[PDB]
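# Structural overview for review
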Amino acid sequence: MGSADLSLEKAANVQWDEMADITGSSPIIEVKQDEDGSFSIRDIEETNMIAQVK
Amino acid sequence: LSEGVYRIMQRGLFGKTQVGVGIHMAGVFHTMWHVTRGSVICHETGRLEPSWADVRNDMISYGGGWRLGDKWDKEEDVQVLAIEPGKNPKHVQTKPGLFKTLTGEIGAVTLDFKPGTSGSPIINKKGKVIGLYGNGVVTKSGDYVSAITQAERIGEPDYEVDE
């Protein structure tokens, strides 16, 4: 036979790095729906807000 | 052949380019559908042939069924072992959101890594893969969000007493 498509290259192993950064940890709520063959996806972020006066 | 995280390279005119990421665990190589699209993957030992796929959920397994059974529990921090092309492996932790869709709730990872990372493992605190990074959604020029791509429990309530 004769073919060739894609190769493998090992990079790392499954391990939990405790010193990883937690920046960008937005727990956004995404509502995905479709109506007429298209798909409509809204994303609702719930950012915390402390009151402030000017 | 050995358990770990593998880069999925494609030979071209200018050499091999990382098109995606895959995880070989418990003797089965797990990756994303849109990455390999069913093409066989060869390594020193031999060529891997696909065994199962879910095109709607963008998943495909090589050499057997999906053995990654661990799913994400809500309100628990996860880490993405992003394998960016050329760059070294990078671990980033996040508090996942939710993908409110018909048929269930899928974890929403807000991390935006470079293209080609599709298939990077999503690991829980116990050091086990609970999903795959790569299949997600982008906002209007905004922050990409990837769904925690996992096979089983794709539509189950995850709170019943039956199993």
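In the PDB archive, X-ray crystallography is given as the structure determination method for this entry, at a resolution of 3.3510 Å.

Attention now goes to the sheet that holds strand β7 (residues 59–62) of chain B. Strand order in the open sheet formed by eight strands is β5(B)-β4(B)-β1(A)-β1(B)-β2(B)-β3(B)-β7(B)-β6(B), with mixed pairing between adjacent strands. The strands lining the two open edges of the sheet, one partner per strand, are β5 (47–48) and β6 (50–54) of chain B. Where strand β1 (residues 6–12) of chain A lies against strand β4 (residues 41–42) of chain B, two bridges are found, and the strand directions are parallel. Counterpart to A:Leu6 in the pairing with β4(B) is B:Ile41.

Counting from both sides, the interface comprises 28 residues of chain A and, opposite them, 48 residues of chain B. When residues of the side of chain A that touches chain B are traced back to their parent elements, those giving at least two are β1 and β2 (29–34) of chain A. By residue number, the principal contributor to the side of chain A that touches chain B is β1(A), which donates seven residues. When its residues are assigned to classes, the side of chain A that touches chain B shows 13 nonpolar, seven polar and eight charged. In this sheet, strand β10 (residues 97–101) of chain B lies alongside β2(A) in parallel orientation, the contact comprising three bridges. Opposite A:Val31, over in β10(B), you have B:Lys100 as the bridge partner.

Attention now goes to the environment of B:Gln18. Residues and elements named next belong to chain B. Turning to its location among the elements, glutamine 18 is positioned in strand β2 (residues 15–25). The spatial distance from the C-alpha of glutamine 18 to the C-alpha of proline 96 is 26 Å, given a sequence separation of 78 residues. Setting aside its immediate chain neighbours within four residues, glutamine 18 contacts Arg7, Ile8, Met9, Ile83, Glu84, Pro85, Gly86, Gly116 and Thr117. Of note is the side chain of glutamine 18, whose polar atom sits 2.7 Å from the side chain of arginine 7.

Turning next to the sheet that holds strand β12 (residues 120–123) of chain B. All names here are of chain B. Reading across from one edge, β9-β8-β12-β13 is the order of the four strands in this open sheet, with antiparallel pairing throughout. This sheet does not close on itself; its edge strands, each paired only once, are β9 (90–94) and β13 (129–133). On average, each strand axis in the sheet is inclined to that of its neighbour by 25°, with strand direction left out of account. Examined bridge by bridge, strand β8 (residues 78–82) and β12 share two bridges and lie antiparallel to one another. Bridged to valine 80 within β12 is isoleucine 122.

Residue and element names in this part refer to chain B. Mapped onto this numbering, the UniProt entry annotates "active site" (unreviewed entry) at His34, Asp58 and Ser118. Taken together, the annotated residues stretch across 85 residues yet fold into one region, lying no more than 10.1 Å apart by C-alpha. Counting through the fold element by element, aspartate 58 comes out in the loop between β6 and β7. What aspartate 58 contacts, discounting residues up to four positions off in sequence, is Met32, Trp33, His34, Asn135 and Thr149. At 2.5 Å, the side chain of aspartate 58 forms a polar contact with the side chain of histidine 34. With respect to the helices and strands, the residue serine 118 is situated in the loop between β11 (104–109) and β12. Separated by 3.1 Å, the side chains of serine 118 and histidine 34 make a polar contact.

Here is what the cut-offs are and how they apply
Residues numbered from 1 in each chain as written, not as in the entry; some residues may be left out. Chains lettered and ligands numbered in written order. Heavy atoms only, no water. Residues with missing side-chain atoms left out of burial classes, pairs and counts. Pairing = 2+ DSSP bridges. Helix = DSSP H or I, 4+ residues; strand = E, 2+ residues; numbered from the N terminus. Contact = heavy atoms within 4.5 Å. Nonpolar A, V, L, I, M, F, W, Y, C, P; charged D, E, K, R; others polar. Polar contact = N/O pair within 3.5 Å; in protein donor to acceptor, adjacent residues only side chain to side chain. Axes fitted to C-alpha atoms, helices over the stretch in contact; angles between N-to-C directions. UniProt positions renumbered as here; feature names shortened; annotations may be inferred.

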